[PDB]
Every structure is written in C-alpha cells, then in structure tokens.
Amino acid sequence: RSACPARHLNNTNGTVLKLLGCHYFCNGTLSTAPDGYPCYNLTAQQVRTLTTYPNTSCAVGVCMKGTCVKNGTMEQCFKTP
C-alpha cells in the first residue's frame, strides 16, 4: 500500500504543495516519495513548532533516494489542518 493520498504542507506563495521530508504513511506503512518530488527539509525545532499558521521559513528541496535535498530556496510553509 503506497498509492494513497498523503498529507502535504501548504505555502503562502502560490506554488506546488510539498511533502514534509521524503516519506509518507499509507495504511500504516511508510513509503518513499519518488525521486524529484518537491519536499521541505525542516529542522527538528521547525517540525516541533509547525502550526496551521505561517510562522516558519522552510527550506525547499527535491527528493533524492529518500532525502530532501535543498535547492537553496526558502518559503513559508505550514500544516494543512
């Protein structure tokens, strides 16, 4: 089970929805995002302080072999409720 819809993080700048990290749960099992998938690379503290309000500057990246490789870009991200 890996072809299920996954929770993503929202942004304020009108761009593509992105995954927190490069993994996601379906049916209780963890699956890996595909290579090239857009993701956020958050620090531990950012994950802990993430809310449904923009309050955090998230490093954008692309998934590569299960890691969120930063592309140098930053955007405000926050939980969809």
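Residue numbers here begin at 1 and follow the sequence given.
- When the mean C-alpha temperature factors of 67-75 and 17-25 are read from the deposited coordinates, 67-75 comes out higher.
- Annotation for residue 56: CA B-factor lies in the highest third of the chain's modelled residues.
- Among the modelled residues of its chain, residue 3 has a C-alpha B-factor that falls in the highest third according to the deposited record.
- For residue 39, the recorded CA B-factor ranks within the lowest third of the chain. Only modelled residues enter the ranking.
- The PDB entry assigns residue 32 a C-alpha temperature factor belonging to the middle third of its chain's modelled residues.
- For residue 45, the recorded CA temperature factor ranks within the middle third of the chain's modelled residues.
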